[PDB]
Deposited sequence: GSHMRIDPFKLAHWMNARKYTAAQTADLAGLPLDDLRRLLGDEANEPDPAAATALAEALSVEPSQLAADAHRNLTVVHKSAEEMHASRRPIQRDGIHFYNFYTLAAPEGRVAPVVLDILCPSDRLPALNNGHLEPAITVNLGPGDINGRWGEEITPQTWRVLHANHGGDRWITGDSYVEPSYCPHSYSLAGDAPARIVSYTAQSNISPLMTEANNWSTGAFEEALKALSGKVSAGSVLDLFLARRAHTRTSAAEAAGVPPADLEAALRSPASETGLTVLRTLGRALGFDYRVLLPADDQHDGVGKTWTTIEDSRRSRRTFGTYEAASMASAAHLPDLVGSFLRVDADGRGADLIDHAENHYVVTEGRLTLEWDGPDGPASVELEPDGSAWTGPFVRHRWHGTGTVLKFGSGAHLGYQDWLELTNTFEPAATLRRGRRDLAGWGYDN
């Protein structure tokens, strides 16, 4: 229930109240406010600043660098889920900051002679990999067909650190799993945050008339021209005025919208961008979508083929997708690490040691199979010992969306520094 000095300075600035005016309005001591900027109070500040208490509240957890969970504790979290009249899955949770979404390990208990009843799907996309040792069935449709029923294999060969096939569970499409045969099997399902969730959360609160107008604008093929027209209408420009505004021939502007990726088109849309004040990059094409799981599907052979040395590690790729840049999965063989976002790790073999440099100096924890850890963004760490660990990644900060704003910022490091002190 603490106060965020950053959120407070922002609101005093917004309402342009001096420190003294803020204290006088809020009805509390000035040394306190000069301290907060550096319970019974928070309510007053909120009132004096015309904002809800949650708009000034600090984060539930500050200075988190690493969080870990032993094999014993992950096993202790086991929880059975009943579906279709039987013990369908066994629920386990991996390391994750308190309150956050934790990666999940699942026992696949639905026999091969019974179609696995589907769940209702979910917004977040997720990387799912078969830990083995048995093969499993993937179901993505009511009707059983090659497009909605496929075997997610377990590695039966020698390079076991590559545990099995993996793919990306598409956002919102129902799915379920069953055993492909007798051999038991476990699955690891890692979800990243939804990058469209913030928009949805807001759109859900708009009037229904506006919501329908938004859907209308998003309906159909969202081409470069359709997005551009919205940008122009946003600026009270027509395609004609915008063209003469950018000094471009209407004939070429039409071509570029037909070829955003051609160098002729990119030069035009960027020239438009500079003239009208917008970022041409979001106008560039992205690989169309498929709606099936055949595009992201990554077999054991794919992963084996992708093997490479990464520092003191040997790495292999899990399923990925160009339209889900913040979601990553990787097979790591062990015998410094620092990503621009969060990492979720789970050991699959050997007694490994994770070390990290945190607030209290160097630290470390020994983790055995099913043991796991979570690293915050930019937290330098490393793994020692001989074994295997799965490397997952997610996080909105800093996601590919932040990287787009960052390339648009003058001296980003300076901006961040100013915000922190």
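Unmodelled regions of the deposited sequence, numbered from residue 1: 1-3, 42-48, 346-351, 438-446.
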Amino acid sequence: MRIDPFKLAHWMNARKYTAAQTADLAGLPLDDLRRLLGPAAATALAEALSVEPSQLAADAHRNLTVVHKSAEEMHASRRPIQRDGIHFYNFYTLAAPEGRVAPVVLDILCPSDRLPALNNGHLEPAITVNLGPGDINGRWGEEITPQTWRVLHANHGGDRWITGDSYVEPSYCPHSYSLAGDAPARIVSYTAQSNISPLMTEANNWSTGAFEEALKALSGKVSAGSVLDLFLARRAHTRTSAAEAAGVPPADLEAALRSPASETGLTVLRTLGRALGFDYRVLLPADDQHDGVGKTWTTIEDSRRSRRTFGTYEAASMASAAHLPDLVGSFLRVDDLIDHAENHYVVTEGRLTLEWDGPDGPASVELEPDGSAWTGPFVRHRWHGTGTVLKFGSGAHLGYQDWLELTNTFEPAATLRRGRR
From here on, numbers count along this sequence of modelled residues.
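Looking at mean Cα B-factors across 244-252 and 156-164, the upper value is held by 244-252.
Mean CA B-factor, 253-261 versus 171-179: the higher value falls on 253-261. Sorting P39, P369, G376, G395 by the CA temperature factor given in the entry leaves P39 at the top. You'll see in the entry that, of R35, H381, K391, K69, the Cα B factor peaks at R35.
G350: CA B factor lies in the middle third for its chain, per the PDB record. Among the modelled residues of the chain, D402 sits in the lowest third by CA temperature factor in this PDB entry. For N195, the recorded CA temperature factor ranks within the lowest third of the chain's modelled residues.
In the PDB entry, a CA B factor belonging to the middle third of its chain's modelled residues is recorded for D113. When the CA B factors of the chain's modelled residues are split into thirds, the value for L131 lands in the lowest one.
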